[PDB]
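Protein chains in written order, with the deposited numbering: chain V, 181 to 314, 356 to 407; chain M, 254, 264 to 354; chain 3, 21 to 66, 76 to 110, 119 to 411; chain 4, 148 to 394; chain 1, 3 to 148; chain W, 274 to 384.
All C-beta atoms in this analysis are idealised placements derived from N, C-alpha and C, irrespective of residue type, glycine included.
Everything below concerns the one structure shown next.
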Amino acid sequence: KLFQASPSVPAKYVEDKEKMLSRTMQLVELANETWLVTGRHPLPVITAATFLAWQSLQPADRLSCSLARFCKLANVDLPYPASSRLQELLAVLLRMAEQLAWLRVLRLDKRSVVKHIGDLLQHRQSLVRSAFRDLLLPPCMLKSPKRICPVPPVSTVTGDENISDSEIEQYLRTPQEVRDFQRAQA
Amino acid sequence: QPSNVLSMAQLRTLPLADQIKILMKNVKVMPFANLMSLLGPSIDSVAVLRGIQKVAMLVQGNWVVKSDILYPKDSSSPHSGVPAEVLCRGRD
Amino acid sequence: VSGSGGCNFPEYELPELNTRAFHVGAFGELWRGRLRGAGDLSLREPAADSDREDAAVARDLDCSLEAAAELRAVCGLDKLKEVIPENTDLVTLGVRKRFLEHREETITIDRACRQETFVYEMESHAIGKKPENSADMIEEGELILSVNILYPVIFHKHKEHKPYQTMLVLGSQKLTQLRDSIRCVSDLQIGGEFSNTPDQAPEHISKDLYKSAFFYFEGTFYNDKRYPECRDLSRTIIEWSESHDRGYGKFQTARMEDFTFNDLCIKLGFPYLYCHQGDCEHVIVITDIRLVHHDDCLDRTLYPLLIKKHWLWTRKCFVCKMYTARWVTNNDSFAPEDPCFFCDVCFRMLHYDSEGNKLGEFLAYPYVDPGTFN
Amino acid sequence: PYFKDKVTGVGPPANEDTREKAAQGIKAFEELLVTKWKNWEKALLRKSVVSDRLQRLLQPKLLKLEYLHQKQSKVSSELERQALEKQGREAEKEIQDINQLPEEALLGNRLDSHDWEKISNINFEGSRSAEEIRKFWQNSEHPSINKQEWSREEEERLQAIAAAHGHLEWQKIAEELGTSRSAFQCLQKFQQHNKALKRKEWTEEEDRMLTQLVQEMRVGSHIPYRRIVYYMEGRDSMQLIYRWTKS
Amino acid sequence: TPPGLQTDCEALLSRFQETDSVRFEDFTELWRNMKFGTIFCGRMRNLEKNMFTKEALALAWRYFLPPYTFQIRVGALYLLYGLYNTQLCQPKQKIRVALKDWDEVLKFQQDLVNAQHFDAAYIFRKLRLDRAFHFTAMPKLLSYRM
Amino acid sequence: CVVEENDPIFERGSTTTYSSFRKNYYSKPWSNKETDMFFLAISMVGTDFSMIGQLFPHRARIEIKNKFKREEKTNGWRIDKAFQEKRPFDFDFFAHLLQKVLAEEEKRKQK
Numbered sequence: 181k182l183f184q185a186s187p188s189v190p191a192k193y194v195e196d197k198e199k200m201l202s203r204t205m206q207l208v209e210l211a212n213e214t215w216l217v218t219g220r221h222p223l224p225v226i227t228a229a230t231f232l233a234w235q236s237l238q239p240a241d242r243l244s245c246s247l248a249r250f251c252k253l254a255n256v257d258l259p260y261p262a263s264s265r266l267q268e269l270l271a272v273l274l275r276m277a278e279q280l281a282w283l284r285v286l287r288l289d290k291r292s293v294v295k296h297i298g299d300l301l302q303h304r305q306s307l308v309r310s311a312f313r314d356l357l358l359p360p361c362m363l364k365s366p367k368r369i370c371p372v373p374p375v376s377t378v379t380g381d382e383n384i385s386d387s388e389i390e391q392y393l394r395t396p397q398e399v400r401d402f403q404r405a406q407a
Numbered sequence: 254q264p265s266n267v268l269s270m271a272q273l274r275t276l277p278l279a280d281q282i283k284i285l286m287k288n289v290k291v292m293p294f295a296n297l298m299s300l301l302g303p304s305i306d307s308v309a310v311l312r313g314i315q316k317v318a319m320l321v322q323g324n325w326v327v328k329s330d331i332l333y334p335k336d337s338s339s340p341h342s343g344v345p346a347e348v349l350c351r352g353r354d
Numbered sequence: 021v022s023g024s025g026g027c028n029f030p031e032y033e034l035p036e037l038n039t040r041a042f043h044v045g046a047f048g049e050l051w052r053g054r055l056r057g058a059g060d061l062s063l064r065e066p076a077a078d079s080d081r082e083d084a085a086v087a088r089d090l091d092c093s094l095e096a097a098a099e100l101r102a103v104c105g106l107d108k109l110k119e120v121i122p123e124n125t126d127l128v129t130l131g132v133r134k135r136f137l138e139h140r141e142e143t144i145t146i147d148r149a150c151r152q153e154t155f156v157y158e159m160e161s162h163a164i165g166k167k168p169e170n171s172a173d174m175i176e177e178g179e180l181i182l183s184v185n186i187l188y189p190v191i192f193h194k195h196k197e198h199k200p201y202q203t204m205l206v207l208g209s210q211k212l213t214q215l216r217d218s219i220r221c222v223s224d225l226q227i228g229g230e231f232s233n234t235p236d237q238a239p240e241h242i243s244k245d246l247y248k249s250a251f252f253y254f255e256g257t258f259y260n261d262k263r264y265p266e267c268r269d270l271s272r273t274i275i276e277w278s279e280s281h282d283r284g285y286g287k288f289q290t291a292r293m294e295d296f297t298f299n300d301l302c303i304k305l306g307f308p309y310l311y312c313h314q315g316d317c318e319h320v321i322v323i324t325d326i327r328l329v330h331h332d333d334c335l336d337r338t339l340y341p342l343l344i345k346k347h348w349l350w351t352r353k354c355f356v357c358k359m360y361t362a363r364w365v366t367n368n369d370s371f372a373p374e375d376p377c378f379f380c381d382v383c384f385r386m387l388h389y390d391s392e393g394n395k396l397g398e399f400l401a402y403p404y405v406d407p408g409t410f411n
Numbered sequence: 148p149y150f151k152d153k154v155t156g157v158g159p160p161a162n163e164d165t166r167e168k169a170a171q172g173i174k175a176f177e178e179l180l181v182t183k184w185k186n187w188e189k190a191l192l193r194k195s196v197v198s199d200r201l202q203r204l205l206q207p208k209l210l211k212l213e214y215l216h217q218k219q220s221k222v223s224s225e226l227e228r229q230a231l232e233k234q235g236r237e238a239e240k241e242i243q244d245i246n247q248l249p250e251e252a253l254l255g256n257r258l259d260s261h262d263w264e265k266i267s268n269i270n271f272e273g274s275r276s277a278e279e280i281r282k283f284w285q286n287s288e289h290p291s292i293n294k295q296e297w298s299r300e301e302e303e304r305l306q307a308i309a310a311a312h313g314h315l316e317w318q319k320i321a322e323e324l325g326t327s328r329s330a331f332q333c334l335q336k337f338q339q340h341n342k343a344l345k346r347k348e349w350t351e352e353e354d355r356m357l358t359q360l361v362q363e364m365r366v367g368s369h370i371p372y373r374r375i376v377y378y379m380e381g382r383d384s385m386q387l388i389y390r391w392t393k394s
Numbered sequence: 003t004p005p006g007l008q009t010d011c012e013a014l015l016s017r018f019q020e021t022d023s024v025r026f027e028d029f030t031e032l033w034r035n036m037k038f039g040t041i042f043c044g045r046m047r048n049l050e051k052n053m054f055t056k057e058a059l060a061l062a063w064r065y066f067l068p069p070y071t072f073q074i075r076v077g078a079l080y081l082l083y084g085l086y087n088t089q090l091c092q093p094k095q096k097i098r099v100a101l102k103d104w105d106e107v108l109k110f111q112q113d114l115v116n117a118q119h120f121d122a123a124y125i126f127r128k129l130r131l132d133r134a135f136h137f138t139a140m141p142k143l144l145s146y147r148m
Numbered sequence: 274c275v276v277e278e279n280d281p282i283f284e285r286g287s288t289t290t291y292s293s294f295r296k297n298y299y300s301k302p303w304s305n306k307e308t309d310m311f312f313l314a315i316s317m318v319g320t321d322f323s324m325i326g327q328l329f330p331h332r333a334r335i336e337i338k339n340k341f342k343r344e345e346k347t348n349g350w351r352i353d354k355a356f357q358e359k360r361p362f363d364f365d366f367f368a369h370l371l372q373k374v375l376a377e378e379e380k381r382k383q384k
């Protein structure tokens with residue numbers, strides 16, 4: 181409801197519909213091309229993209245606004261992984277800023293790159309190309366996987382047909398344990 | 254419990279500044295004596311002068327409403343669609 | 021509209037913060053009723078003396094001098110301790134000597150007590166002053182209300198908040214007198230562009246133009262209707278408050294020339310509003326309600342004389358730094374900064390040539406410095 | 148403390164008196180306030196100006212590179228592909244030289260065209276006005292300004308140069324001084340070094356005016372000497388204090 | 003509140019707690035041995051001394067509340083009486099009082115009438131005739147800015 | 274009639290809603306001493322989860338099964354050693370150890 185000025189939401193939060201929709205479309209296309217929506221729920225990524233668009237259209241008054249605050253203002257159920265998607269998308273935007281010259285000199289962060297997100301989307305093609313030159358995978362897999370799928374030792378030792386009866390006896394329940402179980406479950 | 267939607271009684275029930283503003287927006291040409299007669303003798307002449315000097319200009323002894331009062335900033339020409347600033351400049 | 025039904029006694033609601041709602045006129049009426057007064061005249065004494082007090086005690090409960098003659102002799106000054122306060126087992130005297138040593142360290146003689154002397158003189162201004170006319174004598178038991186006001190932002194939000202002046206008002210007098218007595222800088226402020234005509238005398242100051250003003254006490258809107266150029270912003274306020282169910286109940290509207298301080302229903306220590314000139318808002322804090330006394334100002338004409346006045350720093354001319362600024366310039370190339378300030382001589386000699394022509398393009402306005410009243 | 152008793156701040160309506168005050172031009176003391184500049188603010192201003200200049204220089208080159216890429220992806224000819232690759236490498240070398248240029252010339256001259264409002268609302272979050280930023284960059288944030296204090300060899304020249312100019316112009320005084328400084332600093336130091344004009348000497352009328360001031364606006368023993376000076380141009384604080392305190 | 007003056011008043015109240023109930027002989031003995039009218043002027047800034055005495059009287063009357071025995075209450079009230087009667091400040095600083103405190107002291111006067119704690123009604127009546135009491139709603143000044 | 278017994282809820286935005294897929298399970302992690310006594314119970318009983326759940330009142334049988342599956346998938350040698358060692362079933366001392374574990378978790382909550 182950030183299109184029409186309603187009594188609750190002030191005019192500062194109200195933003196243009198077409199420009200914000202275009203910004204969200206560009207952000208979600210970036211997420212789809214950077215392996216962010218594949219395997220994960222799309223709606224949290226959409227929420228993160230529209231939140232980033234709403235913050236970038238006016239970074240000044242919305243630097244202190246949080247994801248939960250935005251969800252409360254917009255009357256929308258906050259998705260749980262939306263925060264993680266937002267963090268990953270901001271990391272991708274930081275990588276794009278590092279690829280760019282003036283931004284990498286400015287040394288922005290996950291809080292100051294919101295004002296230059298629009299510039300990041302101007303020539304995002306070469307930026308993403310270079311970023312892939314220097356794959357998006359879950360954080361649990363990018364922790365230096367030195368031993369990928371370790372080969373287990375093949376153990377096909379079968380003997381003749383069995384081993385012995387000692388294991389059978391140690392599996393069989395003793396009369397003492399039988400009586401104890403009967404007393405317990407009486 | 264057009265711009266002439268408010269009647270004479272509804273006009274008089276409004277403050278003097280709003281009364282003068284609406285009268286100027288409606289007529290756009292009226293002498294000070296006529297304005298005093300329409301507003302009433304119980305209203306002070308200095309008050310009416312202060313009210314009219316902010317929404318009207320003096321042209322050959324008569325009072326003409328300002329251009330911005332007739333053409334707000336968000337309005338436009340009903341015939342050509344040009345912005346209200348150009349209309350105000352032309353009227354001035 | 022009748023007042024809120026409540027006891028005259030100001031029962032507390034929050035610990036050491038404020039009391040509950042109560043009336044003012046009934047408060048003063050009950051205050052005068054529960055005692056006889058007749059003591060605000062300073063006629064104690066400038076011969077037969079024993080018989081008069083004998084008759085007095087005869088009307089009193091004891092009708093005897095047995096205790097009187099001894100206690101009046103005991104309670105004297107000839108048996109009372119100038120001399121250096123020492124040679125006695127004390128507690129506060131240690132702090133006193135420490136303060137004396139700290140004073141002898143850096144404080145020189147008797148001075149640097151600016152605010153102290155200010156308070157002293159502003160309190161002495163109301164000591165035993167008689168009215169010019171005999172009909173202006175304040176009657177005994179008149180309500181005196183101390184009211185702090187917080188209009189400005191230009192002060193220290195750090196220093197425990199000492200922003201602005203404090204006033205004294207009389208109950209029987211009208212609220213319009215307090216409205217006109219509040220010395221607001223915005224009243225002296227003048228609007229309009231005078232870059233091309235700097236010598237033109239600024240006419241129709243904001244005080245004369247923007248006559249709209251209204252108080253707000255406990256949901257009651259007092260709008261001034263003394264002048265035919267006063268609008269009603271309380272109309273828009275009520276429209277906003279009623280357009281949505283925001284929890285605010287219906288608010289009453291009244292006139293400022295018909296309701297006095299007595300008819301008000303206030304809470305001592307609770308903030309109320311005084312809004313004029315559209316956005317010029319004053320936070321009104323009525324702190325104390327007291328009766329008149331012979332030591333206080335007995336002249337009804339000049340009682341809104343403040344008991345406290347906050348010092349304000351004037352904005353000096355940015356060029357010479359020797360005179361207080363009187364003009365503010367925006368979009369000025371010759372000015373060093375955008376929010377710039379100049380005095381008369383500097384502005385004339387900088388922004389105008391030897392003949393007075395406007396050198397360069399800029400926007401100049403009459404800068405009414407906040408330090409104009411003092 | 149709070150100053151929002153009636154309107155908490157969620158739906159404060161802009162009434163007719165408020166909009167009339169805003170439209171007339173009565174700016175009492177609110178927007179004219181000035182806050183002292185900070186070191187991190189200076190660094191942010193410099194970084195923002197450098198980034199804006201670099202971005203405005205690179206955007207045409209980035210668009211040209213995009214056009215070259217579109218030509219490569221759309222033209223199937225091999226003869227012109229060599230020329231396309233040569234032009235692309237030329238553009239890459241141009242970008243490399245632009246990035247390799249030292250951080251001394253990318254700041255711009257003293258009076259250059261920029262987007263002050265854009266820089267302010269992007270970096271400073273609107274805290275610093277565009278005009279204030281422009282002034283700060285034009286006379287207080289340039290590497291060509293001489294930060295060295297006056298070496299007692301500028302006041303004697305300026306007291307004649309500004310006198311000849313009649314204080315009618317801003318840049319000419321500094322240009323004639325020729326010490327590579329700003330006219331603001333020059334005039335400030337000159338008027339801090341010099342004394343007041345010394346209006347008159349023991350005028351009975353002015354003494355009686357001061358007596359009337361001490362009788363009408365004085366409280367106790369302290370005397371508002373600044374209030375005294377406000378109604379009397381051509382004086383200085385210390386001499387006025389030492390003189391009026393006696394006799 | 004005045005710290006050192008609070009401690010002094012508490013010590014004087016303890017001494018009155020060990021003295022006789024309401025007998026003025028012990029009050030005279032206290033004024034002789036310790037001289038509870040310790041300091042009024044000394045040598046200090048005029049307003050500093052004025053506010054010193056003002057806070058003294060305000061805190062003393064604030065301590066003068068119903069609950070205590072006939073020793074503590076009388077001691078506080080007549081410490082106030084002595085501080086007011088020996089006023090060495092040029093203005094005679096009025097003792098700060100509450101609204102319902104007037105009805106409270108009226109009930110105290112009624113109790114004295116239906117009792118025989120002599121010389122107490124006398125000193126209180128003399129204090130009343132001296133025009134010392136100035137009543138308010140709070141024993142101190144309060145705002146919302148703190 | 275409902276005499277102001279409940280409060281209205283400003284939920285269920287008519288626009289749209291999403292899914293959760295995770296509602297109730299919300300297990301609670303184990304500890305070192307708890308894992309030790311769990312291995313002791315395994316060595317004392319076996320793999321029958323009914324008895325293990327009966328003797329463990331504060332931990333659910335489903336959580337016990339999940340822990341056993343995790344141990345079988347990760348630490349096989351520990352399970353082998355537990356099955357190798359054996360202990361006769363004790364009831365009074367087991368209840369005493371349960372009380373000790375209750376005291377230990379109370380102290381943990383205090384910390």
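Closest to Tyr299 (chain W) by CA distance: which of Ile335 (chain W), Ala376 (chain W), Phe362 (chain W), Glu307 (chain W) is it? Among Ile335 (chain W), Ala376 (chain W), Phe362 (chain W), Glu307 (chain W), the Cα nearest to that of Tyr299 (chain W) is on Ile335 (chain W).
From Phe364 (chain W) to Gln372 (chain W), what does the alpha carbon distance come to, in whole angstroms? The C-alpha of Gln372 (chain W) is placed about 12 Å away from the C-alpha of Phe364 (chain W).
Since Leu85 (chain 1) and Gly44 (chain 1) should fall inside the 8 Å C-beta cutoff, what is the C-beta to C-beta distance between them, to a whole number of angstroms? Not quite, the Cβ-Cβ distance comes to about 15 Å (not below 8 Å), so this is no contact.
Between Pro235 (chain 3) and chain 4, is the shortest Cβ-Cβ distance under 9 Å, so that the two count as touching? Not closer than 9 Å to any Cβ of chain 4, the Cβ of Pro235 (chain 3) fails to qualify, so no.
What residues in its chain sit with their C-beta under 7 Å from that of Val361 (chain 4), if we drop five residues either side in the sequence? So the list reads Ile370, once near-sequence residues are dropped.
Would you list the one or two residues that DSSP bridges to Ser338 (chain M)? In DSSP, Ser338 (chain M) forms a bridge with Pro345 (chain M).
In chain order, what are the residue ranges of uninterrupted beta strand (DSSP E) at least 3 long that sit wholly in the region 162 to 234 of chain 3? Taking only runs of at least 3 residues, the beta strand (DSSP E) segments lying wholly in the region 162 to 234 of chain 3 are 180 to 187, 203 to 207.
For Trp297 (chain 4), which residues in the same chain have their Cβ closer than 7 Å to its Cβ, ignoring the five residues on either side in sequence? Result list for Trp297 (chain 4): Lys336, in chain order.
N-terminal and C-terminal residue of the beta strand (DSSP E) that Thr257 (chain 3) is part of: Looking at the DSSP string, the run of the beta strand (DSSP E) that includes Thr257 (chain 3) is 257 to 260.
Compute the beta-carbon to beta-carbon distance between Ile191 (chain 3) and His319 (chain 3), rounded to the nearest angstrom, for a pair I have assumed lies under 8 Å. Wrong, their Cβ atoms sit about 14 Å apart, outside the cutoff.
Hey, how far is the Cα of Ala309 (chain M) from the Cα of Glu266 (chain 3)? About 7 Å.
Output yes if chain 3 places a C-beta closer than 9 Å to the C-beta of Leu59 (chain 1); else output no. Chain 3, which has no Cβ nearer than 9 Å to the Cβ of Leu59 (chain 1), makes this no.
CB-CB length for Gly178 (chain 3) against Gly57 (chain 3), believed under 8 Å: About 5 Å; that satisfies the 8 Å criterion.
CB-CB under 8 Å to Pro361 (chain W), same chain, minus the five flanking residues each way: which ones, in chain order? Excluding sequence neighbours, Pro361 (chain W) sits near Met317.
Could you tell me the boundaries of the beta strand (DSSP E) in which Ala318 (chain M) lies? Per DSSP, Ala318 (chain M) belongs to the beta strand (DSSP E) from 318 to 321.
Contact check, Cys333 (chain 4) vs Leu324 (chain 4) under 8 Å by CB: the rounded distance? Yes, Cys333 (chain 4) and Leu324 (chain 4) are in contact; Cβ-Cβ is about 6 Å, under 8 Å.
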